Amino acid sequence: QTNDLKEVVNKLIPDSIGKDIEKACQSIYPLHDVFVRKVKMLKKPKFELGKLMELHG
Amino acid sequence: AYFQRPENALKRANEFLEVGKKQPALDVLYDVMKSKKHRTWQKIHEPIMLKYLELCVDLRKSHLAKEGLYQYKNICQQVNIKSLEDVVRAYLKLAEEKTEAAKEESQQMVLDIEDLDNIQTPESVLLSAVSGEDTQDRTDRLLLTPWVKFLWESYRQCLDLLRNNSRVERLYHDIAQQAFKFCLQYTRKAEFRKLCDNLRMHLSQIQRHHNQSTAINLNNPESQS
Amino acid sequence: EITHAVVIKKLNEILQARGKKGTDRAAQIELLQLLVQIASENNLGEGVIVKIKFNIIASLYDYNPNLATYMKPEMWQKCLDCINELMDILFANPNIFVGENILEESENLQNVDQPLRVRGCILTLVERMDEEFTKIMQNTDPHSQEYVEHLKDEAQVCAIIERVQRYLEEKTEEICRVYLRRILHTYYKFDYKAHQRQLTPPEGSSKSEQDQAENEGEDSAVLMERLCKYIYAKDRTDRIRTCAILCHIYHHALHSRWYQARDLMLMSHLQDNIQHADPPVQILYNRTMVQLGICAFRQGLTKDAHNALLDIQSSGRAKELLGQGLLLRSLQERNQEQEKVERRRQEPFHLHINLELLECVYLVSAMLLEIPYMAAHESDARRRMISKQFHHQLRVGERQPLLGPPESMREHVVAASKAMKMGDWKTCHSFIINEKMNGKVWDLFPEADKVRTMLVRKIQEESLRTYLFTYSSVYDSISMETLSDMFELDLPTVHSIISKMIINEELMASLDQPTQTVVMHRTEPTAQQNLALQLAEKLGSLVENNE
RNA sequence: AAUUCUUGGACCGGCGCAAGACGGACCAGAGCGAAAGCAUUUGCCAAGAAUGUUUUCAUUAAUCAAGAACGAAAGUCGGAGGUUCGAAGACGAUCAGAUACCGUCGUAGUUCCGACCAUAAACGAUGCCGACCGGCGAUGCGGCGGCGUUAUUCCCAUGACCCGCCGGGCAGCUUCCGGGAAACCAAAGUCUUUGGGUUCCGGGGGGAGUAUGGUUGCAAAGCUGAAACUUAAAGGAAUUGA
């Protein structure tokens, strides 16, 4: 929620989210195979050009 | 089984630093150093270990710099310890260069507002002015002392466990000299241990010799120089 | 919103999950807060809020599950605000707000037992607060900047304990509790606090009615301890006349008279009486008894101070004044100690008192046994600096001193061979910041006591030491050499005639004294009699043995 | 193989859109429920066993003709809906014949709301309440005690493991408890040494759950239920052959 898509995909390339949940749920019941199984894109913004042309270096 | 092609270890460690998560970035590299991939110093092991000890310094963990160097030297035997020597020298240079920057900033920027601060005593220090002294010491402790108790440990570290007797090592007496030169820049109680460690490891030296230990004798370098 | 027919009946449905397991502990103060920020009508948001708030702060303290752990700074400041508002709306509302008939509502709830034990549910809030504040202090690194950031609330606390004190609708009888509280904050407030409310001398400077508002505080121990003592000779408990008097004794020290506070400490007779109280009383007794010896020294009473500060330093377990000392023997009880431990800024410095034993003995050793140390041994005192003197000349490479003991002994030995400035100007180099000179709340008055006590015990060096082949003696120049008041160094040489009985002849109309001291080698065949004494002593003991 | 679909571009591949069903793998001789039965998330509503108890009432209890609540699937009437599958039926094959098995279609139905019907190998083919009589290892829930491991790094303290004990539950293994025609059953045992309490119900096989009367239902049908006549066996467990 707190940051933009470029930084969210940068998190998905490792599994930084999957590590964080595996650390938080140690006290409740220790997990091992914690992955972000899937991501679906539901609604996208108004297609500008400068956004993608700076996402492409 | 975490890694096929141990070059990938660095790719994930760098990829975790794209997020800014240094703990899981370290976790990867430590998990890689300690497994089947003990093939005598692959050219990849230099940047693996160098990034590993960079992260270990930034997180301020002595025990993990101990472990990394202890795994590296085991796999990096006399076949080539040229890289171990450059690894330990780099690790020590990172530690002492960050402490220089830590003194500089916590002894200027925060001590320059401390020159402007309420030195015209408030009651809060008039209670504390029966045990302690100057506010420069009361602040620099908070931001500089955490790094010098890491430096000292990092000098005891590389001298204590990595270099006992060890025939192959001039770098021992290099670190020793550079840590004696460290003493008269900063705190002084990390020198009583310095002298007594040099002595205790001399008592470890002159008794048995059942390794590739120093033949303390006519051999001018290892004994005299 | 409805005439406390919904408010007192929700207050109870939200103050029922207090301390139950699945309450969450956190989203409770919220529901207790949404009964003064949602309540906004007369005695419905304004008047009965005494009760809603009593249960708002009580639950706020209970954000901590443990009672051996410290509160956090956010809820801590929240408490210090939450407590203040109650006091300010209680002052200008002259009524008893858990009962006691006033009009009809919304007070007068005498249906529940009696408005005293929950009318005195106001000080047990601020008393629990004072016991809370100590946890914040005990659980911080003392050398850190967070410690002084935390001590900035010491001022905030002492304003609220003053406000609850001004609230004298008591029924001294039972406000004694917050008198003990108030004096337990002020009893160790130092000279700069005590003196500098009158020591700007009373003229057109500081005796006006609007400035003489903080000079009440030094003569407050006398105002309040008098009551808390002489009412509890009648009243039941032990702690609120014994903590009170030891606060009075400790406060009448460190600025005022040795004679004033010895009468109080003898009056109590705790020397042999305090045996069977609790250690949290036996600790501040030790703090007081150490402050006795320091005050006696600082005054210049340099053997009655030594005769007092023996068994504390004699034992290595002198850490009854500080944090916990040595390792093992009962982890189970060592856990109990680290919440007994006294707060940091209250602790008296320990290389300050090590430099009070090993200087009171320096003035009752480097003088006393120099008269029987002409090979004339039979006055031997084997508990002194010698505990140090044995060991820090028992080594070979000795240069400029660094510690307290060497930086004391290294000019002790050259105070022995009088050298009147070599003995002095090694006690006033870097000691001042090493907590000898500055650390006492007097800058140049402890040294003015000390160096005078040196300048007198450095004419009493010619007495026992340099009198060998002296047949004529000088007196005008001897006081001019040691830059002292001539009479002040005449009266101890006078003492040495009636006390030490030196083999010398006084004729002080001329201000000279011929000595005629010739025992030079008459004393050595009686160095052979020192033992023919032991011969003669025991042949007055062999038949005691035998018959 | 054929009936079917397809150069008015089927099948295969991509991006979307709608629809109505259904909750895989995790899923177990695991759990809950009076039985039928019950599985994506989250919220709301009332219920419930077991455990814990130095709380409370003081025999208020067990089983039950009459009477009553729920009752899979199919099925009937009314409204909404119709993706899949599919009694009827339309064919295509195989076959001596196929009115079936196999294959392409396919109405009722399958799904939801509201009225009915009240039956299943509705099974543990085994009524309920209570007491007594071997051992072992696990398991699900609650409690209790104890080296040690791991997270909260500060570990008080909770969670994940480990070792035992207690009580309720689903089951398992084992034995000359004992029983039984045996298969087998710690209950199907404590039965000629026959008696703890109580409800329902069986009397050789057919005829027959048929006829008839009554009653319930719109219908289908449900509950109660004989006789004449025929017959020497029908049947249960286990053995040896084919």
# chains A, B, ... in the order shown; residues from 1 in each chain; ligands from 1
call {"tool": "interface_residues", "arguments": {"of": "chain A", "to": "chain B", "cutoff": "9 Å", "atoms": "only C-alpha atoms", "output": "list in words"}}
result
residues 7, 10, 11, 13, 14, 15, 16 and 19 of chain A
call {"tool": "write_last_selection", "arguments": {"atoms": "C-alpha atoms", "output": "CSV table (one decimal), in the first residue's frame"}}
result
chain,number,residue,atom,x,y,z
A,7,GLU,CA,9.4,-0.9,-5.6
A,10,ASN,CA,11.6,-5.1,-6.6
A,11,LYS,CA,10.3,-6.8,-3.4
A,13,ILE,CA,12.0,-10.5,-7.3
A,14,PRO,CA,13.4,-12.0,-4.0
A,15,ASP,CA,10.5,-13.0,-1.7
A,16,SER,CA,11.1,-10.3,1.0
A,19,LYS,CA,10.5,-13.9,4.5
call {"tool": "interface_residues", "arguments": {"of": "chain D", "to": "chain A", "cutoff": "10 Å", "atoms": "only C-alpha atoms (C1' of nucleotides)", "output": "PDB file with N, CA and C atoms (P, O5', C5', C4', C3', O3' and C1' of nucleotides), in the first residue's frame"}}
result
ATOM      1  P     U D 150      18.299 -23.654  21.729  1.00  0.00           P
ATOM      2  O5'   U D 150      17.133 -23.030  20.839  1.00  0.00           O
ATOM      3  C5'   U D 150      17.071 -23.266  19.419  1.00  0.00           C
ATOM      4  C4'   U D 150      15.698 -22.935  18.878  1.00  0.00           C
ATOM      5  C3'   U D 150      15.210 -21.510  19.100  1.00  0.00           C
ATOM      6  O3'   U D 150      15.719 -20.594  18.136  1.00  0.00           O
ATOM      7  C1'   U D 150      13.489 -23.023  19.673  1.00  0.00           C
ATOM      8  P     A D 151      15.754 -19.025  18.462  1.00  0.00           P
ATOM      9  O5'   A D 151      14.210 -18.625  18.491  1.00  0.00           O
ATOM     10  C5'   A D 151      13.496 -18.252  17.294  1.00  0.00           C
ATOM     11  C4'   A D 151      12.276 -17.428  17.639  1.00  0.00           C
ATOM     12  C3'   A D 151      12.516 -16.207  18.520  1.00  0.00           C
ATOM     13  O3'   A D 151      12.950 -15.102  17.728  1.00  0.00           O
ATOM     14  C1'   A D 151      10.546 -17.382  19.206  1.00  0.00           C
ATOM     15  P     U D 152      13.485 -13.761  18.426  1.00  0.00           P
ATOM     16  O5'   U D 152      12.181 -12.847  18.506  1.00  0.00           O
ATOM     17  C5'   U D 152      12.112 -11.709  19.394  1.00  0.00           C
ATOM     18  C4'   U D 152      10.776 -11.675  20.101  1.00  0.00           C
ATOM     19  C3'   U D 152      10.780 -11.141  21.527  1.00  0.00           C
ATOM     20  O3'   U D 152      10.665  -9.719  21.619  1.00  0.00           O
ATOM     21  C1'   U D 152       9.572 -13.174  21.455  1.00  0.00           C
ATOM     22  P     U D 158       3.007 -18.806  31.364  1.00  0.00           P
ATOM     23  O5'   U D 158       1.874 -19.194  30.312  1.00  0.00           O
ATOM     24  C5'   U D 158       2.183 -19.566  28.951  1.00  0.00           C
ATOM     25  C4'   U D 158       1.863 -18.431  28.005  1.00  0.00           C
ATOM     26  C3'   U D 158       1.764 -18.812  26.535  1.00  0.00           C
ATOM     27  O3'   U D 158       0.407 -19.129  26.224  1.00  0.00           O
ATOM     28  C1'   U D 158       3.109 -16.844  26.816  1.00  0.00           C
ATOM     29  P     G D 159      -0.081 -20.653  26.060  1.00  0.00           P
ATOM     30  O5'   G D 159       0.000 -20.881  24.485  1.00  0.00           O
ATOM     31  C5'   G D 159       1.100 -21.588  23.885  1.00  0.00           C
ATOM     32  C4'   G D 159       1.371 -21.043  22.506  1.00  0.00           C
ATOM     33  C3'   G D 159       2.064 -21.999  21.546  1.00  0.00           C
ATOM     34  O3'   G D 159       1.137 -22.864  20.895  1.00  0.00           O
ATOM     35  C1'   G D 159       3.300 -20.009  21.642  1.00  0.00           C
ATOM     36  P     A D 160       1.300 -24.458  21.011  1.00  0.00           P
ATOM     37  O5'   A D 160       2.590 -24.749  20.125  1.00  0.00           O
ATOM     38  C5'   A D 160       2.675 -24.266  18.770  1.00  0.00           C
ATOM     39  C4'   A D 160       3.898 -24.810  18.065  1.00  0.00           C
ATOM     40  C3'   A D 160       4.368 -26.204  18.471  1.00  0.00           C
ATOM     41  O3'   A D 160       3.609 -27.205  17.803  1.00  0.00           O
ATOM     42  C1'   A D 160       6.205 -24.745  18.508  1.00  0.00           C
TER      43        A D 160
END
call {"tool": "closest_atom_pairs", "arguments": {"of": "chain B", "to": "chain C", "cutoff": "10 Å", "atoms": "only C-alpha atoms", "output": "JSON lines"}}
result
{"residue": "B:122", "atom": "CA", "partner": "C:152", "partner_atom": "CA", "distance": 9.4}
{"residue": "B:123", "atom": "CA", "partner": "C:155", "partner_atom": "CA", "distance": 8.5}
{"residue": "B:124", "atom": "CA", "partner": "C:152", "partner_atom": "CA", "distance": 5.8}
{"residue": "B:125", "atom": "CA", "partner": "C:148", "partner_atom": "CA", "distance": 7.1}
{"residue": "B:126", "atom": "CA", "partner": "C:192", "partner_atom": "CA", "distance": 8.1}
{"residue": "B:127", "atom": "CA", "partner": "C:345", "partner_atom": "CA", "distance": 6.2}
{"residue": "B:128", "atom": "CA", "partner": "C:345", "partner_atom": "CA", "distance": 5.4}
{"residue": "B:129", "atom": "CA", "partner": "C:439", "partner_atom": "CA", "distance": 6.7}
{"residue": "B:130", "atom": "CA", "partner": "C:439", "partner_atom": "CA", "distance": 4.4}
{"residue": "B:131", "atom": "CA", "partner": "C:349", "partner_atom": "CA", "distance": 5.5}
{"residue": "B:132", "atom": "CA", "partner": "C:143", "partner_atom": "CA", "distance": 7.7}
{"residue": "B:133", "atom": "CA", "partner": "C:433", "partner_atom": "CA", "distance": 7.3}
{"residue": "B:134", "atom": "CA", "partner": "C:433", "partner_atom": "CA", "distance": 9.7}
{"residue": "B:135", "atom": "CA", "partner": "C:145", "partner_atom": "CA", "distance": 8.4}
{"residue": "B:137", "atom": "CA", "partner": "C:143", "partner_atom": "CA", "distance": 8.5}
{"residue": "B:138", "atom": "CA", "partner": "C:143", "partner_atom": "CA", "distance": 5.7}
{"residue": "B:139", "atom": "CA", "partner": "C:145", "partner_atom": "CA", "distance": 5.8}
{"residue": "B:140", "atom": "CA", "partner": "C:144", "partner_atom": "CA", "distance": 9.0}
{"residue": "B:141", "atom": "CA", "partner": "C:144", "partner_atom": "CA", "distance": 6.9}
{"residue": "B:142", "atom": "CA", "partner": "C:144", "partner_atom": "CA", "distance": 5.8}
{"residue": "B:143", "atom": "CA", "partner": "C:144", "partner_atom": "CA", "distance": 9.6}
call {"tool": "interface_residues", "arguments": {"of": "chain D", "to": "chain C", "cutoff": "12 Å", "atoms": "only C-alpha atoms (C1' of nucleotides)", "output": "list in words"}}
result
residues 154, 155, 156, 157 and 158 of chain D
call {"tool": "select_by_dssp", "arguments": {"residues": "region 114-151 of chain B", "states": "alpha helix (DSSP H)", "output": "list in words"}}
result
residues 114, 115, 116, 123, 124, 125, 126, 135, 136, 137, 138, 139, 140, 141, 142, 143, 144, 145, 146, 147, 148, 149, 150 and 151 of chain B
call {"tool": "residues_around", "arguments": {"residues": "residue 59 (chain B)", "least_positions_apart": "4", "cutoff": "9 Å", "atoms": "only C-alpha atoms (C1' of nucleotides)", "output": "ChimeraX atom specification"}}
result
/B:22-23,54-55
call {"tool": "atom_distance", "arguments": {"atom1": "CA of residue 274 (chain C)", "atom2": "CA of residue 128 (chain C)"}}
result
26.8 Å
call {"tool": "residues_around", "arguments": {"residues": "residue 237 (chain D)", "least_positions_apart": "4", "cutoff": "10 Å", "atoms": "only C-alpha atoms (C1' of nucleotides)", "output": "PyMOL selection string"}}
result
chain D and resi 181-183
call {"tool": "residues_around", "arguments": {"residues": "region 98-115 of chain D", "least_positions_apart": "3", "cutoff": "12 Å", "atoms": "only C-alpha atoms (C1' of nucleotides)", "output": "ChimeraX atom specification"}}
result
/D:1-5,20-22,73-95,218
call {"tool": "residues_around", "arguments": {"residues": "residue 210 (chain D)", "least_positions_apart": "4", "cutoff": "12 Å", "atoms": "only C-alpha atoms (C1' of nucleotides)", "output": "ChimeraX atom specification"}}
result
/D:225-227
call {"tool": "closest_residue", "arguments": {"among": "C:117, C:328, C:86, C:131", "to": "residue 71 (chain C)", "atoms": "only C-alpha atoms"}}
result
C:131
call {"tool": "closest_residue", "arguments": {"among": "B:222, B:153, B:31, B:191", "to": "residue 62 (chain B)", "atoms": "only C-alpha atoms"}}
result
B:153
